[PDB]
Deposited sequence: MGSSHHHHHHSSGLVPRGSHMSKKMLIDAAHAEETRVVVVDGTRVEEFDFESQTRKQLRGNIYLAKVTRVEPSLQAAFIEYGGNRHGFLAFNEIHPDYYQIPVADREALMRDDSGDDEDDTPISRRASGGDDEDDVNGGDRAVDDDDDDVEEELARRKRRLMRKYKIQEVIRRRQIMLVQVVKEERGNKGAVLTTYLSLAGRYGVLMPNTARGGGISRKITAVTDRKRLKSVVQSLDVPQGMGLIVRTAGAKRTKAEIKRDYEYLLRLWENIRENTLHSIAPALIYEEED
C-alpha cells in the first residue's frame, strides 16, 4: 500500500524546535514528519489580524519562495504550533522502514489535465513542459478565464496541452467539488482519519 497523495486529518504529537518540525499522528505505523515551512499559516496560533497581515503578501514562483522565507525568518515553530493541534496533511514521501512519512499541509489534487492547489496562492498556470508557444499562449488564456480563487492555484499538466477548450474547465470544476468534499469530510471526522485517498 503506497500512501503518497493521501490526505489525513491528523494531530501534532510533538513540536521539535531543533529541527523546526512537528511530528504527526495520522494513522500510519510511525509519526509523519512536518517541516515548519510546509505548514500553511492558517494553522499558526496567532491573532486573526496577524494572519491577515501575512496572507496578503505583507518564474513568479519566486514571489511564493520569498513569501515562505518571510515566515521562516519571522516565527519559530514552537511560537505558533502546539502539541495536539489538528491539521490536514498530505503524504509527500512514503514511510521507508523505520523512517516515517514526509508530509505537507500545502495540498494538491490532481485531475486529468491539471493539478488543483486549494492551499497555495499561486493563481494557476502551466506545466514546465510549457514549450510549444501555440499551446502556452492559448492555455495561459484558458487558465486566465478560470477565475481561480483567492489563495488557490491550478497547474495545467502536459495531458492538457493538446486539450479541449472546455475539457479543462470541466476537470477544474471537478477538482473544486472534490476540494469541497474533502473539507466537508473533515468536519465529520476525528483525529487520525483518512480523508482522501489518492485514487490512481
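The deposited chain is incompletely modelled, with C-alpha atoms absent over 1-55, 114-148.
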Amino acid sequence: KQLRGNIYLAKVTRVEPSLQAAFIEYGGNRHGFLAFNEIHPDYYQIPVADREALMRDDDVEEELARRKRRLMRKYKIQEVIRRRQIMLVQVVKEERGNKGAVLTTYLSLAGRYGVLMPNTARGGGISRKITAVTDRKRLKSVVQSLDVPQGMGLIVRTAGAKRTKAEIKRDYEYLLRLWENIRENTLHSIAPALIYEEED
From here on, numbers count along this sequence of modelled residues.
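Higher average CA B factor: 172-180, of the stretches 185-193 and 172-180. Two stretches are in play, 43-51 and 61-69, and the higher mean C-alpha B-factor belongs to 61-69.
In the PDB entry, a CA B factor belonging to the highest third of its chain's modelled residues is recorded for residue 160. Sorting the modelled residues of the chain by their CA temperature factor places residue 99 in the middle third. Ranked against the other modelled residues of its chain, the C-alpha B-factor of residue 132 as given in the entry falls in the highest third. Looking at the C-alpha B-factors along this chain, the one for residue 154 belongs to the middle third.
Annotation for residue 126: C-alpha temperature factor in the highest third relative to the rest of the modelled chain, per the entry.
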